[PDB]
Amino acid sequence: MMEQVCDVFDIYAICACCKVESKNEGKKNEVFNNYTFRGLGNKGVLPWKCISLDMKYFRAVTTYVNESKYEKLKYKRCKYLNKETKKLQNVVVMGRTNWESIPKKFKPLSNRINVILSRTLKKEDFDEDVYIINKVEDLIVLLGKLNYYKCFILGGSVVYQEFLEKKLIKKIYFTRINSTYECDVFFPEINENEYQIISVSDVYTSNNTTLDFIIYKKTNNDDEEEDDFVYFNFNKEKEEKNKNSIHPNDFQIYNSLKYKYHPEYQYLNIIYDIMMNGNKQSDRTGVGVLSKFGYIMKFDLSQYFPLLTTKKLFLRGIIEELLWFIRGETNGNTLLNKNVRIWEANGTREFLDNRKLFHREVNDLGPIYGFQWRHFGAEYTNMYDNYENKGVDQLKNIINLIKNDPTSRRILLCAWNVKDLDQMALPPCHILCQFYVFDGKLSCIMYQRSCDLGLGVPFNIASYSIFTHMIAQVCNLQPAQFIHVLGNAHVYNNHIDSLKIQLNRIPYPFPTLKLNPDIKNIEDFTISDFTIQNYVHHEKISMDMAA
C-alpha cells in the first residue's frame, strides 16, 4: 500500500457554518444543499454571538484523547518515517486571523498543543506557548517530531482551503448552525466526490438556534463472550422477506451512514423496517401495502420542531385543520373556503352515499374530531347546529386538569367515539392524546390506529407537535416530548419508489416553531400566530409518480 499523509498523522478539520444572508432575487423557493451551511466568520470574529453547545462540542472533540490507542498511532507514524522505536494531547492548527479572534483568557487553547500558521509573524511576536509555522509542510515536519493523539485544523477559510486543497484532511467535523447571519468569510465548497457524509448527530437547540453535527469522510481507496453472541443468533433468517423485491443496492447512501442519530431517522428507519420486513396485504379494494404493527417515535420539542427535511412540507393546511378542530367545526366548506382540501374527498355526495350517509349534506363530515373534542356524547344533528353546552368539552377539561391536577394520569383527549363511528365521514386515525406533566414541562402521546407512512405520518407528526406546543403554552408550561405510537403502520406500494429516493437523502437540522406568546387560551389562536423558522429541506417529492 501507499500510506496517505492525512491517515498517518490523523489530520482532521473541525468547523461551524451558519447560513448566509443571500439576496432574494425574486424567488423565495430557495434551493437547499450542503453548501447552504458555509458562513464561517464576519469582521474577524464568528458570525454569531455565542452558541455554547458548539463551543462545548468543539472543546470536547479537540481535547479528547485515548492513550491506550497512542502506542498504535506511534508505531504507524514511525514506520511511515522509517524510524522504528506530560499527558497526551491533540494538536490544533489555526490561521493567524483565527488566533487573533480568540480572547486573551482563552489563548493558548487549554490542554492542546497550539500551532499557528503565519508569514507576517514570528515566534518573537508571541508571548504564548505556541508553535509558529510559515508553511503547510512544516506542520508535517512538526507532527513527525511530536507526541500527540490527533491533529485538528481550526480554520480560518484560507487555512481550510489549502488543507482540503492538498487533500490533507481525513475527516471534517462539521457543525451546521441552522440560522442566518452576516458573513464575509466562507468554508470552501466541499467536493461531493472527494468527501462523503458518514454520520449525523441528534438535533439540538442552543442560544435560540437549532444545530446538529455531521462528519464528512474522505473517499475510499473478551473474544470468548463474542462467540456467545454468534451462538444466540443460531436461529435467524439469512435474509429479509422483501429484500429481493426492494434491493438494498438502492439504499447506498442510507446504508453507508455509520451513525444515524438525527431524529428524522426514527421515521426513516420505520420506512426501512417496513420495506424490508413488512407483510403484503390488500387494504382497500385492489390497492396494496406493506404493513407492520406497533411502532413508537419520540421527538424532543424543547430541542426542535420535527418537520421532515428529506422532502418538502407545507403546514398552513394542517394548522387550519387544527384550528378547525379546536373550534369544534365539522363543516368541510370552512376549510375549502381557505383552500384547504384535506377533507374534500370525504365530503362528496358519492363518498357520503357509499358510507350510507344518504341524509348527510355535502361536506357535512358528521361527528368527527372537532365535534368529539368539544361535544363528545351529544347527539349530532348537522354541521350548522349550535351544540353549546351539549356533550363533554374534553378540550376544556384536559386544559383544566393540566393546570390544576398536573400529576393526574387521566388527562386524555379521545376522538374514537364508538357510538358515532358510523355517522362520521370516516373513523378517526388519531384515536387519542394523553398528556404528562413533570417539572413545568408538558409531554404528549398520540396513538394512531392507521398510519400511512408515505403521506400522512409526516403531516401527523407536525399536527400534534404543534398541538402540544399550543396546550403547553395556554397552561404556562414548556413543551417537552411528543410521542407518536403507531398501530397499523403501512407503506402503500405506490409510494415505494418515492420513499426509496427519500431514504437516500440526508436530513438537515430541523427548524423551530414559534407561537405568538400573547395567546393565553387554546381558542384564541389564528393562522398568523404560527411561525416555522429556518426550515431547510430537500426537494419536494410526489409519493406516487403517476401521470
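The first residue of the sequence shown is number 1, and the count goes up from there. Between two forms, the rigid core is the largest collection of C-alphas that superpose within 1.5 Å.
Averaged as a root mean square over residues and superposed structures in 9 other deposited structures of this protein, CA distances to the shown form are larger in 116-124; the pair compared was 116-124 and 261-269 with a core fit. Where the structures in 9 other deposited structures of this protein are fitted on the rigid core, 103-111 is the one of 296-304 and 103-111 whose C-alphas sit farther from the shown form on average. For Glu321, the fraction of other compared entries lacking coordinates, among those that model flanking residues, is zero, nowhere near a third.
Across the other compared structures of the same protein with both neighbouring residues present, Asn24 lacks coordinates in at least a third. Counting the deposited residues that fall between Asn337 and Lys338 and carry no coordinates gives zero. Going from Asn404 to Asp405, the model skips none of the deposited residues; the chain is continuous there. The PDB entry reports B-factors from which the mean C-alpha value can be compared for 274-282 and 243-251; the larger average falls on 243-251. 31-39 and 475-483 differ in mean CA B-factor, and the higher of the two is recorded for 31-39. As recorded in the entry, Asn235 carries the highest CA temperature factor of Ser408, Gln423, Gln266, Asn235.
Taking the PDB entry at face value, the top CA B factor among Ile116, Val200, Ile399, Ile169 belongs to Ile169. Per-chain ranking of the deposited C-alpha B factor places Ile132 in the middle third.
Among the modelled residues of its chain, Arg374 has a C-alpha B-factor that falls in the lowest third according to the deposited record. Among the modelled residues of its chain, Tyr492 has a C-alpha B-factor that falls in the middle third according to the deposited record. For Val20, the recorded CA B-factor ranks within the highest third of the chain. Only modelled residues enter the ranking. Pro458: CA B factor in the lowest third of modelled residues in this chain (values from the PDB entry).
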